[PDB]
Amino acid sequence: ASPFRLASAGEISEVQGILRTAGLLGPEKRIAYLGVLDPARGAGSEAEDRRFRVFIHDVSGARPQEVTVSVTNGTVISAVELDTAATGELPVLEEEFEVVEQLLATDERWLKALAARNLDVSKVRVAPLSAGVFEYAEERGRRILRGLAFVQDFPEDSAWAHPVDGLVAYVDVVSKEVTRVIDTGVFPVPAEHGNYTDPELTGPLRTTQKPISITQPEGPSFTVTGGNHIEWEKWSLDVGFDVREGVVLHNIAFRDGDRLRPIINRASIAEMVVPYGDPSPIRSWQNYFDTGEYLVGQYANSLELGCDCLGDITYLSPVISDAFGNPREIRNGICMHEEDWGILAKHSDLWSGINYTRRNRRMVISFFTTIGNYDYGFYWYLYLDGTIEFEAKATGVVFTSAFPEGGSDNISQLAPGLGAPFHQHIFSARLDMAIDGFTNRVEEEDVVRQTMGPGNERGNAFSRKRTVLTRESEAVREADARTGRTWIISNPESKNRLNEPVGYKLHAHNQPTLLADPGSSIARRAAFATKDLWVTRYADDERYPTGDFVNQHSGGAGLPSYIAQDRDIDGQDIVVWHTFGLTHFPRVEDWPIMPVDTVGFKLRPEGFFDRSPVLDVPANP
């Protein structure tokens, strides 16, 4: 059995049983995170050791625990009580969905605020908003959620149309107490509805769209074996799924002739955060770590055939644990399919008389998640030519506020009285590299302009420079779009037939990084987001750029701590962490439901192959 197979329902039940028998899962315990661990380095040989990591909350007020279990051997490997004021709180629990609203509904201060606004408490929705770390000393070591009110006029109404500005509250979800209710003043609650299925707002539906049918009469060109092992057009990989990260890719490799050549050992989105840029005290604390605080895999959607994924689709239905250790399937949570991708290569040669055209295609592995108002599609693509790409598709409903009567430098107007605070959506891709194996290095490549003069008398020359990042202290890099900056991951011990090291080049989109002041709480908690590229030496326990327990963790954790080790990364087992994101000034067109916008990155072979790897693609039928 592949050590990279998806977790099965029986493994999760086994973890439950092991924890129970060890005294670690009594009736007061709640599993906040559970996932299989990847195999250790050099473990390929041999014998199963499937281990699971578990974060266990306690509803009675006792300290939570981090536990690793061997499901293979039926044993607890390690169990440690956590001091959450030091190392962070556990991820938000599903069962907290309604707790903030419930607590607030019986609080006299909350009710006073609602009564001033003539709002029916039974119509007021409130979400479990993550709290971060600000100036409130009573919150240190306590599990806090914050709450913002949105009115639902009727049960199928979009509450996002009706934000209640000027009001925020903080609660403790263990003691079930409301710690603070803050009312800065009454803003009109926007009146118009945002019901995008109401014919009054949609108008008559278009009747002009004729069907576009995508079929594969012979079935798909990829195979799936062992549950999650993909073979497609020379590519080989395993599709993992983790409740925190979502879809993970393992063992990305390319079969070049008779050799299986590794490229990336593990690819994931290891963090994603949505920092808000509105200085109103109602929202200035808000930074949603969709991955680290909420767990994006947990909220993966079940994808509808013909709707979410069109064509000949092979689904995976990954299994996760509920809060009690029972397995729960996400039916049709991962789509896998190949897509036509236009022209691959084309040339019409006058001298030879040969006219040549070939088509491209890509393998797609995707999932979609919903976190509150946001919905995101995460797409990995493998192309015939060896290119690897990630794309995020951001949609949903925008997070709303009042639009201030005098206008705003930090909020845009969507509808009468309705605002959208500015924000970013910033991702970190963790790419545990294995270019032709684990001995890798990274070079920063810039274009080099040359001065007109001796050796360049016509002033046309230009060049390139590559700078090796030799130690972690040198490996925190920023974009430079003007100079075409990219980063090449190579294997200095593996040369192509031209005696040049094999490599892959990372092409970033060069979007803005974290805009917050560098002294802010968010700049400290999401330090990764302040720089485009980090390179670390691989270590088993360095998994997330924000650290293991993000919720209410004070600044400092993750990448900035890991690189202090100043380890050798010049021809070693290394990990690239690429920050990329969208900066969103919401437009009227984003209301009442947002069209998709996109961001991502790609890696292209750079002297990895001895010539084009797609010369054996046949002409299209």
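One-based numbering along the sequence shown. Take the two forms, superpose them, and find the largest set of C-alpha atoms that agree within 1.5 Å; that set is the rigid core.
- Looking at 92-100 and 304-312, the one farther from the shown form in 7 other deposited structures of this protein by average CA distance, after a rigid core fit, turns out to be 92-100.
- Note on 120-128 and 81-89: with rigid core alignment, C-alpha atoms in 7 other deposited structures of this protein sit farther from this form for 120-128.
- On average the C-alpha atoms of 121-129 have higher B-factors than those of the other stretch, with 370-378 and 121-129 being the two compared.
- Taking the mean C-alpha B-factor of each stretch as recorded, 192-200 and 440-448 are not equal, and the higher mean is that of 192-200.
- Comparing the C-alpha B-factors of 354, 167, 114, 514 in the entry, the top value falls on 354.
- The residue among 409, 349, 542, 94 whose C-alpha atom has the highest B-factor in the PDB entry is 94.
- The deposited CA B-factor of residue 9 belongs to the highest third of values across its chain.
- In the deposited entry, the Cα temperature factor of residue 225 places it in the highest third of its chain's modelled residues.
- Ranked by C-alpha B-factor against the other modelled residues of its chain, residue 21 falls in the highest third.
- Among the modelled residues of the chain, residue 216 sits in the highest third by CA temperature factor in this PDB entry.
- Among all modelled residues in this chain, the alpha-carbon of residue 570 has a temperature factor (C-alpha) in the middle third.
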